[PDB]
Protein chains: 2
Amino acid sequence: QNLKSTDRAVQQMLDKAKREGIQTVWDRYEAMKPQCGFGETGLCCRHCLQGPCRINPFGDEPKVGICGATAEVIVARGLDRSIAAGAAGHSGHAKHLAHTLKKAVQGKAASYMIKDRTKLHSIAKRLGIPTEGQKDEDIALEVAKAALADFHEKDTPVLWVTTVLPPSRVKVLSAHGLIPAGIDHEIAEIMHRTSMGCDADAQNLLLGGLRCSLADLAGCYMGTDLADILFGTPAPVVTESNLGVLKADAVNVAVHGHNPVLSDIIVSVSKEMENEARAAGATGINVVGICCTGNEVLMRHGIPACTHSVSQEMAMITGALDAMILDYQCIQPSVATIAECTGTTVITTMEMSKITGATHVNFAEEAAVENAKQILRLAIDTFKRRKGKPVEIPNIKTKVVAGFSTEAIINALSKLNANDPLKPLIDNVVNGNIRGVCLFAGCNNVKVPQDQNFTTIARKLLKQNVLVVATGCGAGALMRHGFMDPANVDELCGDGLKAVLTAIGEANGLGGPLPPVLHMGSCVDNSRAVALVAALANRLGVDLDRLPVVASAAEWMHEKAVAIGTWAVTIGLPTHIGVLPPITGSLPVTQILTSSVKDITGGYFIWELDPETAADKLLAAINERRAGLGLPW
Amino acid sequence: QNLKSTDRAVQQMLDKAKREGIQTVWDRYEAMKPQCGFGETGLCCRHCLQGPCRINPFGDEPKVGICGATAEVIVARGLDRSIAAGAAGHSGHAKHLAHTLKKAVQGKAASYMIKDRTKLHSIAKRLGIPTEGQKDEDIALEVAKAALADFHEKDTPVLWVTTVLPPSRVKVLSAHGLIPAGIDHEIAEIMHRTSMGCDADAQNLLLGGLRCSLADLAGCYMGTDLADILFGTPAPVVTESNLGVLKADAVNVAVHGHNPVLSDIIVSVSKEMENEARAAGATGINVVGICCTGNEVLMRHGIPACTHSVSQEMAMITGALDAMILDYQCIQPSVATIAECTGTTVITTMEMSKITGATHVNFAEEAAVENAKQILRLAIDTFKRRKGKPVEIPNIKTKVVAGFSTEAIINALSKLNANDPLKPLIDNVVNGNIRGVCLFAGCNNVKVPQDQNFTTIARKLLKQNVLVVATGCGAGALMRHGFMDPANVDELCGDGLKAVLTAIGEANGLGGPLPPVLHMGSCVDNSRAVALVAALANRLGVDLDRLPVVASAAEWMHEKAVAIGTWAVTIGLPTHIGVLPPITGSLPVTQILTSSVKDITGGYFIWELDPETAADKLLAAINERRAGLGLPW
Ligand code: SF4
Ligand code: SF4
Ligand code: FES
Ligand code: FES
Ligand SMILES: [Fe+3]
Ligand SMILES: [Fe+3]
């Protein structure tokens with residue numbers, strides 16, 4: 001079972017699933033072996049009804065697509081569509097939040113409001129929206145309208161690219177024609193250019209994909225911006241993670257998906273309803289998080305994280321999960337079938353994300369509190385039906401200190417230097433206490449024993465004094481293995497890094513260090529790491545491709561994560577990936593993405609299966625950046 | 001060779017390609033056999049890096065995707081993305097024309113202008129744009145701005161859906177939530193909902209696809225609208241088709257692709273340059289058409305059609321094609337490799353559609369005449385290099401009467417009834433002279449002997465008095481086999497149909513009938529058949545799913561054609577397809593698309609391999625509609 005997951009709670013539920021005959025993601029993976037080598041290498045195309053076409057990676061025919069498409073065109077077209085799909089997910093999330101903010105300040109959804117007035121005004125300043133003499137509701141309406149305008153062509157490019165990156169970076173991108181004209185405009189243009197008998201030049205195609213990945217960055221950044229306005233900017237919090245946060249005597253309700261627009265309301269209304277749950281025999285309503293919508297309410301409210309990604313079925317296997325409330329993205333559709341065995345009420349809430357066999361509740365922001373009550377009452381009914389039923393909740397959980405928004409990080413640093421908060425961080429980079437910065441991002445993948453790459457790489461970087469920040473299911477992996485617990489700083493961190501975490505924590509009224517890893521939030525909150533790295537770059541007067549900053553999508557899965565990895569390279573970062581993407585069938589495309597993209601953006605993909613080898617390559621990349629600044633290493 | 005193409009000129013060039021060792025699309029198809037059965041059935045998914053996943057159509061495992069996706073989810077997701085890709089192609093074409101019209105009336109591209117003032121004003125009326133007291137350039141600017149606004153969400157739905165379909169049809173679509181909110185909005189939403197861990201309900205997924213297909217209809221209709229404003233509404237013309245329109249002593253220049261924005265200019269400037277071509281020893285510049293941009297300038301200017309679709313390489317094999325001028329879509333990238341053997345100068349012109357090994361000329365509307373000259377001079381240089389070289393142009397061509405825009409059809413009918421032009425057509429439907437209407441649309445496909453389905457089905461429908469209209473490469477197939485020559489009416493048409501074609505032609509100052517098939521233009525000009533059928537429906541006071549009107553995408557290939565077939569079903573038409581789409585792996589999805597979609601839109605797909613059987617099923621569908629109106633049959 002430790003070949004499936006390094007998480008001991010997950011291993012325990014795998015034993016239970018095995019003996020109850022419940023099929024899991026790992027079983028479905030095993031039944032799929034051996035996987036198709038054409039798809040694995042990227043040498044398959046189904047973009048027209050003359051296909052499917054394939055190309056032998058080596059040997060005799062087929063050597064070319066029926067229309068004449070070469071291996072390098074087929075590979076670049078397939079990658080481009082996965083970037084566009086990722087952009088469409090992060091774009092759709094941001095768009096829904098834009099409509100919510102607009103409804104809120106137009107008096108149409110009273111359950112929503114401007115919660116962070118500081119954030120609203122700083123965004124409006126960043127966009128060049130006039131604030132002084134304006135009402136908040138009119139500033140916010142201007143911000144929401146500007147958000148919606150970035151989806152289509154207009155007289156400006158996408159402002160959620162051009163106003164978030166260092167001006168030098170924008171000029172480098174603009175010189176290569178890489179600035180997006182509109183978010184949905186770029187998504188559609190990718191789909192057009194990759195359809196049959198259109199773009200057939202690998203380099204032209206990949207430049208389109210880099211541009212589409214910045215459309216995805218815009219959507220990430222807009223989603224983070226709008227969610228902070230509506231629900232508050234995260235600040236440091238303490239909570240717990242892993243399956244042991246479930247409680248047998250409570251109504252256990254998981255929020256699962258990505259968009260917190262309803263899950264933040266569920267959090268609020270669930271407090272309002274403890275009495276109704278006590279009347280059914282529960283201690284209360286135990287809201288817990290799965291995947292990124294769980295990260296959202298962990299970051300803002302300290303909702304304990306139940307589990308993540310590949311292991312999400314295991315929360316049901318406990319027998320104690322009474323409801324699973326879904327919005328969209330990364331939800332294994334298997335949860336709807338598994339619920340018939342485990343008793344869980346699986347509930348979809350979004351018009352464009354339904355699952356056959358789940359109960360659907362048509363959430364509308366105008367009726368959000370009423371919907372949350374209808375939903376939580378289904379959860380209460382479910383808890384009643386398992387009166388007397390035995391549960392197996394693994395008694396396994398970790399302490400999690402989280403909530404490190406970029407504003408929180410700057411604020412924490414300001415306690416060492418009030419008027420120059422970034423300087424203490426840069427000082428310890430220069431003198432070697434901080435070797436560099438590594439962002440862990442992206443999913444788990446069934447192909448990789450769960451969390452194995454994240455923890456192995458992080459363990460080695462931390463001992464080498466790398467400052468480690470994490471998002472999404474990378475934060476999930478680290479948090480479930482103790483990397484967000486300050487009590488483990490002594491074990492995990494080098495002396496230089498420990499010294500810095502201790503000074504910052506001691507200066508923030510804690511008598512203890514910051515945690516070994518800084519949790520910066522959900523996948524769209526990868527935009528927070530951009531805001532931090534960009535601010536560091538602007539303070540040093542250099543572009544991002546000169547900073548000792550790297551990223552590792554160590555176990556990545558989703559098209560969303562492919563987009564993120566690509567815009568990490570596009571904004572200038574050495575970017576490690578721990579699962580082969582479908583590009584090895586084309587050496588020219590692999591060469592572009594792993595080497596020659598350096599000459600365009602200064603970033604590049606680092607393709608490494610072995611996590612120990614990956615850590616060495618990440619340290620080498622961090623150290624080359626150090627040498628380019630003339631730092632010792 | 002007749003197993004590859006029923007076109008005798010194509011067969012002759014296949015012999016030449018074979019003996020010169022030049023590989024063709026048919027050779028590349030043969031080298032790809034046997035094709036992958038998982039892809040053929042739709043039972044493959046690569047939407048995340050845990051894949052590729054596949055499902056055995058029958059037998060033991062794998063039975064489900066790794067994430068839990070069922071066969072019906074995987075099949076519906078794959079179809080949805082092909083619809084979105086099609087929508088993005090027709091959308092991009094329309095969008096480029098919208099920007100061109102805006103540049104033209106803003107004084108920025110003097111090579112473009114309002115050429116059809118009648119069309120501009122009728123579109124503006126249809127959209128509710130005020131005309132009286134307004135300048136043309138300000139009406140047109142309003143029309144262009146409204147075109148661009150249909151790509152994103154606004155306070156109205158896509159007007160290029162709601163103002164083009166009968167009001168009853170709009171209410172039926174609106175009741176099922178099928179009206180698009182924005183063209184690129186729907187494309188992105190499809191990409192989101194079909195990414196991993198999102199929509200997992202076949203019916204929900206397919207309803208999204210029907211809505212996205214109407215986004216494609218909007219783009220088709222907008223593209224036709226804008227092209228008519230800019231370049232003129234087609235009116236009946238006489239020309240020729242097939243490889244024999246090439247001339248050994250001329251500079252033979254093919255316009256190839258879909259967007260006529262440059263190819264219409266090439267037509268104009270090529271006249272301006274006969275002397276420069278004569279100075280190099282040519283008789284002149286012989287502009288000919290390939291695929292839909294060729295249809296565009298055939299419809300408006302009588303440019304002879306050289307060839308289409310699957311056979312496009314054959315035009316090069318003659319040795320006489322000096323230049324091939326490409327915009328985008330349906331261009332076999334093989335033309336760039338083949339040119340090294342045949343001497344042809346292959347020229348790309350659009351930023352997002354390049355082909356490795358082709359010469360790229362960066363066309364801009366602001367510099368259109370200068371670009372056309374640079375391009376035509378490359379063609380002249382090429383003609384010089386083949387001085388004395390022998391060519392093999394098959395002496396095979398047909399007479400083509402074309403240009404039947406919906407306005408041209410109404411005008412032609414008006415000569416039988418000035419104030420009620422549709423009535424003569426409806427009269428002969430009622431009394432049986434016209435059994436019904438069949439639209440042939442879409443591509444050729446290497447899987448089907450070229451043109452075999454189109455001609456076989458058309459031959460049987462025409463003898464049964466069906467009025468046949470055609471677009472795209474369906475018009476190409478019919479025109480290259482003599483179906484657009486009035487001299488063949490006696491051979492091809494039933495007595496009822498012949499009587500009507502004769503009366504209309506005789507009443508239009510011809511002493512001869514209309515051609516056996518009415519050529520209504522390019523693939524976006526499928527919107528013209530919609531405008532005609534909608535006008536017929538509005539005149540009878542019924543919805544389109546009550547008219548004896550069918551469609552046949554008899555040899556379809558492109559994702560664009562998948563979108564068209566889907567919106568033909570969505571607007572209510574029985575729609576035959578001649579190549580299996582990747583849906584047979586899911587019986588529930590096949591049942592929805594072939595039967596139960598009837599209960600939503602009244603249209604349905606007719607899946608039939610055998611063209612003789614297809615003609616019977618199309619006649620049966622036409623005759624059931626007749627019976628529903630109480631007509632004899
Ligand atoms: S687009 Fe080309 S390579 Fe892809 S399926 Fe069609 S013929 Fe094959
Ligand atoms: S989305 Fe599901 S079915 Fe598709 S590749 Fe990923 S795991 Fe497999
Ligand atoms: S041949 Fe297996 S992915 Fe297409
Ligand atoms: S297994 Fe062949 S199309 Fe994927
Ligand atoms: Fe996740
Ligand atoms: Fe074509």
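Chain A is the first sequence line, chain B the second, and so forth, proteins listed ahead of strands; every chain is numbered from 1.
Taking the side chain as every heavy atom from C-beta outward, B/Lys102 and B/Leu148 approach each other to under 4.5 Å. With a 4.5 Å cut-off on side-chain heavy atoms, A/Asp327 and A/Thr293 count as touching. The side-chain heavy atoms of B/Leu205 and B/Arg77, taken from C-beta on, include a pair separated by under 4.5 Å.
Judged purely by distance below 3.5 Å, without hydrogens or angles, the side chains of B/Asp199 and B/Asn204 pair a donor atom with an acceptor atom. Checked by atom type, the side-chain pair B/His47/A/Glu559 shows no donor-acceptor distance below 3.5 Å. With no hydrogens or angles considered, a side-chain donor-acceptor pair links B/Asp184 and B/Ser91 at under 3.5 Å. Side-chain atoms of A/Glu153 and B/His99 form a donor-acceptor pair, as typed in the model, at a separation below 3.5 Å. B/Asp80 and B/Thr194 share no donor-acceptor pair across their side chains, judged by distance under 3.5 Å alone. Side chains of A/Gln329 and B/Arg193: a donor-acceptor N/O pair is absent below 3.5 angstrom, by distance only.
Looking at A/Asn445, the atoms closer than 4.5 Å to chain B (heavy atoms on both sides) sit in the backbone and in the side chain alike. Neither the backbone nor the side chain of A/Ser82 comes within contact range of chain B; no heavy atoms are under 4.5 Å apart. Using a 4.5 Å cut-off between heavy atoms, A/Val562 touches chain B through its side chain atoms alone. For B/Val335, no part lies under 4.5 angstrom from a heavy atom of chain A. Contact of B/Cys443 with chain A is not made at all, since no heavy-atom distance falls under 4.5 Å. With a 4.5 Å cut-off on non-hydrogen atoms, A/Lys560 does not touch chain B at all. For A/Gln203, no part lies under 4.5 angstrom from a heavy atom of chain B. For chain B, no part of A/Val73 is nearby; none of its heavy atoms comes within less than 4.5 Å. Neither the backbone nor the side chain of A/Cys291 comes within less than 4.5 Å of any heavy atom of chain B. Using a 4.5 Å cut-off between heavy atoms, A/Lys354 contacts chain B through both its backbone and its side chain. Contact annotation for A/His152: only side-chain heavy atoms (C-beta onward) come within less than 4.5 Å of a heavy atom of chain B. Residue A/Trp26 does not touch chain B at all, counting heavy-atom pairs closer than 4.5 Å. For chain B, no part of A/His258 is nearby; none of its heavy atoms comes within less than 4.5 Å.
Interface summary for chain A: among B/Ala31, B/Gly257, B/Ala200, the most heavy-atom pairs under 4.5 angstrom belong to B/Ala200. The residue among A/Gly39, A/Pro333, A/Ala188 with the most heavy atom pairs within less than 4.5 Å of chain B is A/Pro333. Top candidate by heavy-atom pairs under 4.5 Å with chain B, chosen from A/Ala87, A/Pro62, A/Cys67, is A/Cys67. Across B/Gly78, B/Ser195, B/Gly92, B/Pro581, the residue that shares the most heavy-atom pairs under 4.5 angstrom with chain A is B/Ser195. Ranking A/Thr348, A/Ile187, A/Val446 against chain B, the residue ahead of the rest is A/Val446, based on heavy-atom pairs under 4.5 Å. The choice from B/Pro582, B/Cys48, B/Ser353, B/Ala358 that makes the most heavy-atom pairs within less than 4.5 Å of chain A is B/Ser353. In terms of heavy-atom pairs under 4.5 angstrom with chain A, the leader among B/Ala202, B/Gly86, B/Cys44 is B/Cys44. When A/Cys53, A/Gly197, A/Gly51 are compared by the number of non-hydrogen pairs under 4.5 Å with chain B, A/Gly197 comes out ahead. Chain B forms more heavy-atom pairs under 4.5 Å with one residue of A/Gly65, A/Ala69, A/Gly68, A/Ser334 than with any other, namely A/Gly68. In terms of heavy-atom pairs under 4.5 Å with chain A, the best-connected choice from B/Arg81, B/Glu61, B/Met350, B/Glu40 is B/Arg81. Ranked by heavy-atom pairs shorter than 4.5 Å toward chain A, the options B/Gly89, B/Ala336, B/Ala561 are led by B/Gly89. Ranked by heavy-atom pairs under 4.5 Å with chain B, the list A/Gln332, A/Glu30, A/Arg46 is led by A/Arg46.
In this structure, A/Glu72 contributes its side chain and A/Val589 its backbone to no donor-acceptor pair below 3.5 Å. Side-chain atoms of A/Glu186 come within 3.5 Å of backbone atoms of A/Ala181 as a donor-acceptor pair (strictly under, hydrogens ignored). For B/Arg211 (side chain) and B/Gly177 (main-chain N/O), a donor-acceptor pair under 3.5 Å exists by modelled atom type. The closest donor-acceptor contact from the side chain of B/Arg54 to the backbone of A/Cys36 lies at 3.5 Å or more, if one exists at all.
Under a 4.0 Å N-O distance rule, the pair A/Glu313/A/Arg28 qualifies as a salt bridge.
Residues B/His96 and B/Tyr328 bring their aromatic ring centres within 6.0 Å.
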